[PDB]
Structures are given as structure tokens and as C-alpha cells.
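> Quick one: experimental structure and sequence below.
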Amino acid sequence: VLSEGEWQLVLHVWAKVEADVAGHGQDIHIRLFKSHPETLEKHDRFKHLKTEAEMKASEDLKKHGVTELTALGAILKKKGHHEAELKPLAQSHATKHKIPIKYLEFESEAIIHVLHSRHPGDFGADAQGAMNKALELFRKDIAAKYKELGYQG
Ligand code: HEM
């Protein structure tokens, strides 16, 4: 897992995310959908959003990003002790939304990208390493729950 100092770095940059959860989520989704377009195909109501401005103007997308980042922020604040709130997330992502773990990696890449774009002075190498470890732990643990529910990563 992570050292206490690594968790502290994670929670330090997450409080910066929390000054604008909506805007970070929008930037993350726009990056994700651009970098990895197959990901958009999993979102039936965002597919008509053909341009960056349409994506930013969509309150449905903006709310979706806050919902995702809120759940992730709560997980990160448990500092690895997150079985109770990983279970429902794996349940829906595995059996309803059908999201491969590789897509969770794509979204992690977008998260790290946006964190650096917005907070370069507060997202240096040690903090980046910490966040990747924290997101890697999240993905590892949800991948195991995917298998417990059946059907692989
Ligand atoms: C940091 C990783 C992610 C987190 C924490 C997260 C969290 C959530 C949460 C909390 C919800 C609402 C409750 C539920 O349906 O479970 C949700 C919905 C959803 N997520 Fe994720 N998500 C993540 C990644 C992804 C990715 C990468 C995809 C698609 C490539 C995705 C697709 C969806 C879809 C389709 C819904 C339903 C939206 C709706 O119909 O309103 N999620 N997610």
C-alpha cells in the first residue's frame, strides 16, 4: 500500500480538486473521450455531445463527473480501507455499465493529466507517484471484486 506521507500527498492535492469538482470532472471526461474514444461509447447520453463546448455546457455530463469524483474522493480518504465503498462501485461497473479495468486505467490517466494541468505547482513527482499508487490500489481492488462477481477485468 502507501506510506502515511504518501496518503497525505494524495489528500493534499485532492483538496485542490475539491475547490472545483465539476470543472475537474469536465476536463477529465473531455480528455478521456479524446484520448480513448471507445470510452465514449459506454455513455449513451453523451454521444451527441460533438464538440468541447457542447461537453462543457452539458449539465448531465457535469453532474456525472461530480458523482464519479465524489465517490473517488471518498475512497481515497479511506487510505486503502475501502472495501465497503468499492463493493457497490464494482457491482454497477461490472454488471450494468460493463466497464473494463483498462477503461479505469484510461480514466486514471486523464485524472493525472488534469491534476497536473491545473495544479503543476502542487503536483510534483512525489505527489504524482503517490496518486498513481493510490489509483493503482483502487484499480487492483476493484479488479478482484469484478472477478468475485464473475467476468474478468
Ligand atoms: C475513478 C473511476 C470511476 C468512478 C469512481 C466512477 C464512479 C461512478 C459512480 C459513483 C456512478 C453512479 C452510481 C453507479 O452507477 O455506480 C457511476 C456511474 C457510471 N459510470 Fe462510473 N466511475 C468511474 C469510471 C467510469 C468509466 C471509466 C466509465 C466509462 C468508460 C464509467 C461509466 C459510468 C456509467 C455509464 C455510469 C452511469 C451514468 C448514468 O447513466 O447516469 N465510469 N460511476
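Received, thanks. Numbers count the residues shown, from 1 in each chain.
> near the ligand, which residues of the chain?
Selection of the chain residues close to the ligand by Cβ under 6 Å from any ligand atom yields 39, 42-43, 64, 67-68, 71-72, 89, 92-93, 97, 99, 103-104, 107. (Each C-beta comes from the backbone N, C-alpha and C, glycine too.)
> run the last query once more with 5 Å
For the chain, the residues in contact with the ligand (Cβ under 5 Å from any ligand atom) are 39, 42, 67-68, 71-72, 92, 97, 99, 103, 107.
> from the residues you listed, which ones fall inside strands?
If you go by DSSP state E, the residues of the chain next to the ligand have nothing in strands.
> three-state assignment of residue 49?
coil (DSSP: H, G, I helix; E, B strand; the rest coil).
> ok, the nearest residue to residue 134 once chain neighbours are set aside - contacts?
Sequence neighbours aside, residue 10 is the residue nearest to residue 134 in space, at 4.8 Å (criterion: Cβ to Cβ, 6 or more residues apart in numbering). With contact set as Cβ atoms under 8 Å, 6 or more residues apart in numbering, residue 10 has these partners: 2, 76, 127, 130-131, 134.
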